[PDB]
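Engineer: If you scroll down you'll find the structure; I have some questions about it.
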Protein chains: 2
Amino acid sequence: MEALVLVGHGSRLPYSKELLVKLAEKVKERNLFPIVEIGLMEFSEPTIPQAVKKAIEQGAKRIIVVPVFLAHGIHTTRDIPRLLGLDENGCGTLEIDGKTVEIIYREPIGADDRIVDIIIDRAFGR
Amino acid sequence: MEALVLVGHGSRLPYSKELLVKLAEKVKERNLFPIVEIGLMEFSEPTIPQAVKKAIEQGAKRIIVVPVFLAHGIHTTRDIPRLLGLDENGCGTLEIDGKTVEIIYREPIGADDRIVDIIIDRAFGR
């Protein structure tokens with residue numbers, strides 16, 4: 001099957017944790033992914049390796065890792081690739097409990113027009 | 001008139017400033033705000049007070065400040081508010097070259113369903 005692992009930055013302040021939880025809850029409401037887990041980059045648990053361990057624990061063979069980050073940075077271009085064990089020539093390979101699970105690392109949000117939409121909603125106090 | 005100031009984190013690595021550049025270009029394309037500028041909180045210029053300097057320079061009486069941040073944090077709840085000289089109520093009282101300029105500080109993006117849409121788009125490589 002296929003899992004979605006959402007990945008966000010650590011903050012010491014709890015706002016980002018709630019952000020990731022609620023995002024995972026809404027993507028769960030769309031019922032397109034059997035397993036949806038969350039992972040925090042720093043400070044707070046779960047840690048991202050925990051997200052992957054639990055995604056496989058419920059039975060996933062392909063773990064889609066989505067950087068829940070506006071722009072690229074050190075975290076998305078260096079930290080997360082190394083935490084998940086991605087590298088050159090190959091995309092991703094995890095070998096656990098007699099199971100070969102593949103990882104696919106996705107892109108940040110970027111300058112999507114929907115961010116613009118939200119920006120303008122906010123500008124008008126909405 | 002009223003200006004829009006987009007506000008970003010800023011990084012020694014350049015992705016965030018270019019993100020803000022592109023977002024400001026798209027909202028300019030939307031032709032809802034007469035003046036649109038961006039401001040970086042750290043490392044990179046232009047800066048938030050500099051953004052305000054130029055927003056007033058082109059002629060603003062009302063400064064719409066939007067935090068281009070996923071969740072709340074120290075920058076959005078403490079740092080950036082003090083950089084602007086606001087504290088909670090209304091936010092705005094600024095006085096330059098014979099001008100009473102208002103700032104209105106908006107809220108972060110949050111767990112908008114449109115971030116969910118983008119997340120899923122990314123998950124499928126879209």
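Letters A, B, ... mark the chains of the structure tokens in the order given; residue numbers begin at 1 per chain; ligand numbers begin at 1, in order shown.
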Please give the root-mean-square deviation of the Cα atoms once chain B has been least-squares fitted onto chain A, pairing every Cα in order.
Structural biologist: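 Computed value for the CA RMSD is 0.8 Å.
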Engineer: If we count only C-alpha atoms and set the cut-off at 6 Å, which residues sit around region 109-111 of chain A, ignoring sequence neighbours fewer than 4 positions away in its own chain? Please answer as a list in words.
Structural biologist: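 Near region 109-111 of chain A, the qualifying residues are residues 70 and 71 of chain A; 19 and 23 of chain B.
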Engineer: Could those residues be written to a file, using C-alpha atoms, as a PDB file, in the first residue's frame?
Structural biologist:
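Saved file part.pdb follows:
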```
ATOM      1  CA  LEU A  70       7.011  27.247   2.117  1.00  0.00           C
ATOM      2  CA  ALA A  71      10.474  27.569   0.562  1.00  0.00           C
TER       3      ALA A  71
ATOM      4  CA  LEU B  19       9.843  32.955  -3.066  1.00  0.00           C
ATOM      5  CA  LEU B  23       4.615  35.884  -4.648  1.00  0.00           C
TER       6      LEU B  23
END
```
Engineer: Can you list every residue of chain A that has an atom at most 7 Å from chain B, with its nearest atom pair and the distance in Å to one decimal, using only C-alpha atoms, ordered by chain then number, as CSV?
Structural biologist:
```
residue,atom,partner,partner_atom,distance
A:13,CA,B:73,CA,6.4
A:15,CA,B:72,CA,5.5
A:16,CA,B:71,CA,5.3
A:19,CA,B:111,CA,5.8
A:22,CA,B:111,CA,6.3
A:23,CA,B:111,CA,5.8
A:26,CA,B:116,CA,7.0
A:27,CA,B:116,CA,6.3
A:64,CA,B:123,CA,6.3
A:66,CA,B:123,CA,6.2
A:71,CA,B:16,CA,5.4
A:72,CA,B:15,CA,5.6
A:73,CA,B:13,CA,6.4
A:106,CA,B:122,CA,6.2
A:107,CA,B:122,CA,6.4
A:109,CA,B:118,CA,6.7
A:110,CA,B:19,CA,6.7
A:111,CA,B:23,CA,5.8
A:114,CA,B:114,CA,6.4
A:116,CA,B:23,CA,6.3
A:118,CA,B:109,CA,6.7
A:122,CA,B:106,CA,6.3
A:123,CA,B:64,CA,6.3
A:125,CA,B:106,CA,6.6
```
Engineer: Store the residues picked out above, limited to N, CA and C atoms, as a PDB file, in the first residue's frame.
Structural biologist:
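Produced file again-v1.pdb, reproduced below:
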```pdb
ATOM      1  N   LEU A  13       8.057  26.276  20.350  1.00  0.00           N
ATOM      2  CA  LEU A  13       6.688  26.741  20.463  1.00  0.00           C
ATOM      3  C   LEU A  13       5.769  25.745  19.756  1.00  0.00           C
ATOM      4  N   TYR A  15       2.988  25.792  17.981  1.00  0.00           N
ATOM      5  CA  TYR A  15       2.092  26.106  16.866  1.00  0.00           C
ATOM      6  C   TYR A  15       2.320  25.190  15.665  1.00  0.00           C
ATOM      7  N   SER A  16       3.581  24.890  15.349  1.00  0.00           N
ATOM      8  CA  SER A  16       3.885  24.108  14.155  1.00  0.00           C
ATOM      9  C   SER A  16       3.393  22.670  14.307  1.00  0.00           C
ATOM     10  N   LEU A  19      -0.206  22.741  13.528  1.00  0.00           N
ATOM     11  CA  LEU A  19      -0.321  22.893  12.084  1.00  0.00           C
ATOM     12  C   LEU A  19      -0.227  21.545  11.384  1.00  0.00           C
ATOM     13  N   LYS A  22      -3.242  19.130  12.190  1.00  0.00           N
ATOM     14  CA  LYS A  22      -4.496  19.484  11.530  1.00  0.00           C
ATOM     15  C   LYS A  22      -4.416  19.239  10.027  1.00  0.00           C
ATOM     16  N   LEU A  23      -3.260  19.520   9.417  1.00  0.00           N
ATOM     17  CA  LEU A  23      -3.100  19.220   7.998  1.00  0.00           C
ATOM     18  C   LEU A  23      -3.266  17.728   7.739  1.00  0.00           C
ATOM     19  N   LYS A  26      -6.957  16.794   7.914  1.00  0.00           N
ATOM     20  CA  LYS A  26      -7.760  17.152   6.745  1.00  0.00           C
ATOM     21  C   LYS A  26      -7.436  16.255   5.547  1.00  0.00           C
ATOM     22  N   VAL A  27      -6.161  15.887   5.379  1.00  0.00           N
ATOM     23  CA  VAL A  27      -5.855  14.983   4.272  1.00  0.00           C
ATOM     24  C   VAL A  27      -6.413  13.601   4.579  1.00  0.00           C
ATOM     25  N   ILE A  64       5.450   8.299   0.834  1.00  0.00           N
ATOM     26  CA  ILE A  64       5.524   9.619   0.215  1.00  0.00           C
ATOM     27  C   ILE A  64       5.838  10.644   1.302  1.00  0.00           C
ATOM     28  N   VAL A  66       6.433  14.455   2.188  1.00  0.00           N
ATOM     29  CA  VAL A  66       6.069  15.781   1.694  1.00  0.00           C
ATOM     30  C   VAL A  66       6.653  16.827   2.640  1.00  0.00           C
ATOM     31  N   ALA A  71       9.343  27.545   1.473  1.00  0.00           N
ATOM     32  CA  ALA A  71      10.474  27.569   0.562  1.00  0.00           C
ATOM     33  C   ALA A  71      11.492  26.507   0.954  1.00  0.00           C
ATOM     34  N   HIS A  72      12.409  26.239   0.027  1.00  0.00           N
ATOM     35  CA  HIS A  72      13.534  25.356   0.302  1.00  0.00           C
ATOM     36  C   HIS A  72      14.503  25.995   1.290  1.00  0.00           C
ATOM     37  N   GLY A  73      15.229  25.144   2.001  1.00  0.00           N
ATOM     38  CA  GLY A  73      16.281  25.607   2.871  1.00  0.00           C
ATOM     39  C   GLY A  73      17.185  24.457   3.248  1.00  0.00           C
ATOM     40  N   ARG A 106       9.290  14.471  -1.860  1.00  0.00           N
ATOM     41  CA  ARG A 106       8.586  15.431  -2.695  1.00  0.00           C
ATOM     42  C   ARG A 106       9.134  16.840  -2.469  1.00  0.00           C
ATOM     43  N   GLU A 107       8.543  17.815  -3.159  1.00  0.00           N
ATOM     44  CA  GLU A 107       9.025  19.187  -3.193  1.00  0.00           C
ATOM     45  C   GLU A 107       8.257  20.075  -2.227  1.00  0.00           C
ATOM     46  N   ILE A 109       6.227  23.675  -1.056  1.00  0.00           N
ATOM     47  CA  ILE A 109       5.026  24.261  -1.638  1.00  0.00           C
ATOM     48  C   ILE A 109       5.383  25.200  -2.786  1.00  0.00           C
ATOM     49  N   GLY A 110       6.353  26.085  -2.573  1.00  0.00           N
ATOM     50  CA  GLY A 110       6.745  27.026  -3.603  1.00  0.00           C
ATOM     51  C   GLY A 110       5.773  28.184  -3.744  1.00  0.00           C
ATOM     52  N   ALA A 111       5.962  28.943  -4.819  1.00  0.00           N
ATOM     53  CA  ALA A 111       5.158  30.138  -5.076  1.00  0.00           C
ATOM     54  C   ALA A 111       3.853  29.801  -5.796  1.00  0.00           C
ATOM     55  N   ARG A 114      -2.070  29.322  -5.017  1.00  0.00           N
ATOM     56  CA  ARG A 114      -3.014  29.129  -3.926  1.00  0.00           C
ATOM     57  C   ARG A 114      -2.488  29.773  -2.653  1.00  0.00           C
ATOM     58  N   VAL A 116      -0.841  32.592  -2.908  1.00  0.00           N
ATOM     59  CA  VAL A 116      -1.249  33.964  -3.210  1.00  0.00           C
ATOM     60  C   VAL A 116      -2.695  34.190  -2.791  1.00  0.00           C
ATOM     61  N   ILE A 118      -4.401  32.634  -0.487  1.00  0.00           N
ATOM     62  CA  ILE A 118      -4.462  32.716   0.970  1.00  0.00           C
ATOM     63  C   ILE A 118      -3.908  34.050   1.453  1.00  0.00           C
ATOM     64  N   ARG A 122      -5.868  36.790   3.696  1.00  0.00           N
ATOM     65  CA  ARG A 122      -5.356  37.329   4.954  1.00  0.00           C
ATOM     66  C   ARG A 122      -5.305  38.853   4.915  1.00  0.00           C
ATOM     67  N   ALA A 123      -4.814  39.416   3.806  1.00  0.00           N
ATOM     68  CA  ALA A 123      -4.683  40.864   3.669  1.00  0.00           C
ATOM     69  C   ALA A 123      -5.992  41.578   3.973  1.00  0.00           C
ATOM     70  N   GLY A 125      -8.097  40.590   6.073  1.00  0.00           N
ATOM     71  CA  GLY A 125      -8.508  40.097   7.374  1.00  0.00           C
ATOM     72  C   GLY A 125      -9.316  38.822   7.353  1.00  0.00           C
TER      73      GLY A 125
END
```
Engineer: Would you please extract all helix (DSSP H, G or I) residues from chain B, as assigned by DSSP on the backbone, and give them as an MDAnalysis selection string?
Structural biologist: chainID B and resid 15:30 48:57 74:84 113:123
Engineer: Go through region 36-81 of chain B and collect every residue that DSSP, computed from the backbone, puts in strand (DSSP E or B); the answer should be as an mmCIF file with N, CA and C atoms, in the first residue's frame.
Structural biologist:
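Result saved to result16.cif:
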```cif
data_model
loop_
_atom_site.group_PDB
_atom_site.id
_atom_site.type_symbol
_atom_site.label_atom_id
_atom_site.label_comp_id
_atom_site.auth_asym_id
_atom_site.auth_seq_id
_atom_site.Cartn_x
_atom_site.Cartn_y
_atom_site.Cartn_z
ATOM 1 N N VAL B 36 3.024 47.018 -3.503
ATOM 2 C CA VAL B 36 3.308 45.717 -2.907
ATOM 3 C C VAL B 36 4.816 45.580 -2.764
ATOM 4 N N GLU B 37 5.282 45.360 -1.537
ATOM 5 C CA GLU B 37 6.694 45.131 -1.271
ATOM 6 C C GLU B 37 6.847 43.936 -0.338
ATOM 7 N N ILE B 38 8.089 43.471 -0.201
ATOM 8 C CA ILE B 38 8.417 42.314 0.618
ATOM 9 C C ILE B 38 9.522 42.691 1.597
ATOM 10 N N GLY B 39 9.604 41.929 2.686
ATOM 11 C CA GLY B 39 10.579 42.186 3.728
ATOM 12 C C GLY B 39 11.086 40.911 4.370
ATOM 13 N N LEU B 40 12.403 40.795 4.533
ATOM 14 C CA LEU B 40 13.005 39.616 5.139
ATOM 15 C C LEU B 40 13.434 39.930 6.566
ATOM 16 N N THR B 47 14.714 44.555 4.172
ATOM 17 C CA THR B 47 14.298 44.199 5.519
ATOM 18 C C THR B 47 12.888 44.732 5.734
ATOM 19 N N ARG B 62 -1.951 53.252 5.031
ATOM 20 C CA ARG B 62 -2.308 51.992 5.676
ATOM 21 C C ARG B 62 -1.355 50.907 5.194
ATOM 22 N N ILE B 63 -0.612 50.308 6.121
ATOM 23 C CA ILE B 63 0.365 49.276 5.792
ATOM 24 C C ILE B 63 -0.225 47.926 6.187
ATOM 25 N N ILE B 64 -0.570 47.105 5.198
ATOM 26 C CA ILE B 64 -1.038 45.744 5.442
ATOM 27 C C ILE B 64 0.200 44.853 5.525
ATOM 28 N N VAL B 65 0.492 44.331 6.717
ATOM 29 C CA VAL B 65 1.628 43.433 6.939
ATOM 30 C C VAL B 65 1.112 42.009 7.085
ATOM 31 N N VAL B 66 1.540 41.132 6.186
ATOM 32 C CA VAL B 66 1.074 39.754 6.161
ATOM 33 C C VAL B 66 2.243 38.827 6.462
ATOM 34 N N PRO B 67 2.201 38.043 7.515
ATOM 35 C CA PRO B 67 3.275 37.071 7.728
ATOM 36 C C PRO B 67 3.179 35.876 6.787
#
```
Engineer: Have a look at A:57, A:79, A:2, A:42 and name the one nearest to residue 96 (chain A); count only C-alpha atoms.
Structural biologist: A:57
Engineer: When you count only C-alpha atoms, which of these residues is closest to residue 95 (chain B): B:28, B:52, B:46, B:1?
Structural biologist: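 Smallest separation from residue 95 (chain B) among the options: B:52.
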